[PDB]
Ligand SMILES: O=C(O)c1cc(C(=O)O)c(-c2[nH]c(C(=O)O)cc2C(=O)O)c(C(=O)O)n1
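Let's start with one chain on its own, the form deposited without the named molecule, as structure tokens.
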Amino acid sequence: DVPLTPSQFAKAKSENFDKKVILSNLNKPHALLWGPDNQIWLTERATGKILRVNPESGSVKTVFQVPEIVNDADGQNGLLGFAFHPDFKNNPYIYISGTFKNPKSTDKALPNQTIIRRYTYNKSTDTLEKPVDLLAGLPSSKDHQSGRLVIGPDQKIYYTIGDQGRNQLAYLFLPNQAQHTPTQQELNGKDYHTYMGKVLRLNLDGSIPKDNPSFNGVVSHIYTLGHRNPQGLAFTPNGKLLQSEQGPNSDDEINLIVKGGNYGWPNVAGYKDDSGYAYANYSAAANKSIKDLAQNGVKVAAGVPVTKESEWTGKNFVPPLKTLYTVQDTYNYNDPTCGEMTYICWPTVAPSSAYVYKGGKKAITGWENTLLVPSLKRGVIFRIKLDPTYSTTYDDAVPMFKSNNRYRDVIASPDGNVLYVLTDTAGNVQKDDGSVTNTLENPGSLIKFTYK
């Protein structure tokens, strides 16, 4: 899609809803879920706290605190994955992912690991107990962790693991592993370094599903590859898997996840169109004094190999259903109106999640078959229509609830007339007038929007 302007974003006020702050000043609230107990559950990424809010009374309880979660003040690491077992009454488990110290680490630049872990809910004590590590030794870094964890209708864990920020900023010269897959030797040795920029599919005990796809003949936990920062993952009622992912200066994506599909990153951003992006591989640069011009590979400094999207030799490439946004080679990536925070002016929205609207007895008129996608850098929640079979999008991404807030997650109540949203504690956002602010209207909040 074509970018909306700052004035088009500012007009998305959503006057048909009443706003109410439920909780404020949470410490990096991250995942939000409607619980099997009809209460709202949420996580704090920084502390490892798991919270439960009563939707009728607003009271909150710290149900459990995941011990030894590692979070850097300048990092996107900490407590990430969060999901209930789908048959909770008959299977009382909570599945999480988190950043923990790796005692075997030799590399001081990468001291941590990611672990997918199960907890059992104890109703008599109203807390979590009996931790079970399902999959450990997963890559960890300060950037592009992703970590969305869902249980599919096939009763398998689906888990997004980002590209770890390789080929940009502090990890500029590290070789991106999104296209890489494990050898049989690495898999046998539990060497999961290639589990970067993937959607994993695991058995509920953490083992490899016997029906997982193969890559170079190897059947590992990998379900799809070629992802950058997929922070959104959601099943539709008819069993399709929708996803949102942050692109670089352009081409954030809405994807349809298909078994064994290659989503093209870093060789391809968005469509394979050679429009506004090219792959500049800094890990293959002449030396580390080379600068990243931050022109999305359209223009590069001397000494860095660069390839067109159309020149990539990859197989099973799956294009996105929608891009937010695609631009031409003439686009200006050096907009001074954003000051030092140049990235805020880039033609992207930074999707933080993806939620399939289920409807209900008080459903909002015209919201059937929609996907809701919160935006961090624009301070809007997008509404994306699909056809009833979730095979294609219909029309464009409609912005809603414009505010000077970084929207982190969204859910709706069972009746469908109330939306609940999480907002970041701190960071940069685009104001109504297109400039940048770090003065957030509702830092670290749980906000309620009731249809009127």
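Throughout, we count residues from 1 along the sequence that is shown.
Absent from the display: the form solved in complex with the named molecule. The rest refers to it.
Proximity to the named molecule in the deposited complex, defined as a heavy atom within 4.5 Å, holds among 326, 229, 255, 141 only for 229.
Residue-level contacts in the deposited complex: of 331, 215, 367, 343, one residue has a heavy atom within 4.5 Å of the named molecule, and it is 343. The three marked residues, 348, 377 and 406, each reach the named molecule in the deposited complex, with a heavy atom inside 4.5 Å. The closest non-hydrogen atom of residue 182 lies beyond 4.5 Å of the named molecule in the deposited complex.
Interface residue remark: residue 266 is not counted as part of the site for the named molecule in the deposited complex, having no heavy atom within 4.5 Å. Not displayed here, the named molecule is approached by residue 76 to within 4.5 Å at the level of heavy atoms in the deposited complex.
Proximity of residue 194 to the named molecule in the deposited complex: non-hydrogen atoms within 4.5 Å are absent; the residue sits far from the partner.
Figure note: of the listed segments 174-182, 310-318, 241-249, 219-227, the one touching the named molecule in the deposited complex, with heavy atoms no more than 4.5 Å away, is 241-249.
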